[PDB]
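Student:
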Amino acid sequence: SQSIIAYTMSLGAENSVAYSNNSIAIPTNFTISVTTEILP
Amino acid sequence: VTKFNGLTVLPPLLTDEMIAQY
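If you read the protein sequences in the order shown, they are chains K and E.
Residue numbers 689 to 728, in PDB author numbering, belong to the letters of the first sequence in order.
Residue numbers 826 to 827, 854 to 873, in PDB author numbering, belong to the letters of the second sequence in order.
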């Protein structure tokens with residue numbers, strides 16, 4: 689059932705931004721995200 | 826913009868289409 693497949697890679701999910709001259713998006717909820725970074 | 856005697860020229864992972872999509 690499970691096997692190695694060959695396919696064209698995806699660079700990200702498609703998301704078309706609905707542009708409008710009388711509309712804006714303002715966030716109402718925030719999430720404090722903690723990310724790591726490792727450098728020698 | 827500006854061989855076959857053991858010199859293997861491999862193509863990169865992201866071609867000119869994937870850079871244009873980025």
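Positions of the beta carbon are idealized from the N, C-alpha and C atoms, including for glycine.
1) For a contact meaning CB atoms closer than 7 Å, what does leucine 699 (chain K) contact in chain E?
2) To the nearest angstrom, how far is it from the Cα of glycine 857 (chain E) to the Cα of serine 711 (chain K)?
3) Distance, Cα to Cα, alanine 871 (chain E) vs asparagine 717 (chain K)?
4) Would you tell me roughly how many angstroms separate the C-alpha atoms of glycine 700 (chain K) and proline 715 (chain K), rounded to the nearest one?
5) Starting from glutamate 868 (chain E), trace the alpha helix (DSSP H) in both directions and tell me its first and last residue.
Tutor: Result, derived from the coordinates:
1) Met869, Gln872 and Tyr873
2) 60 Å
3) 34 Å
4) 23 Å
5) 867-872
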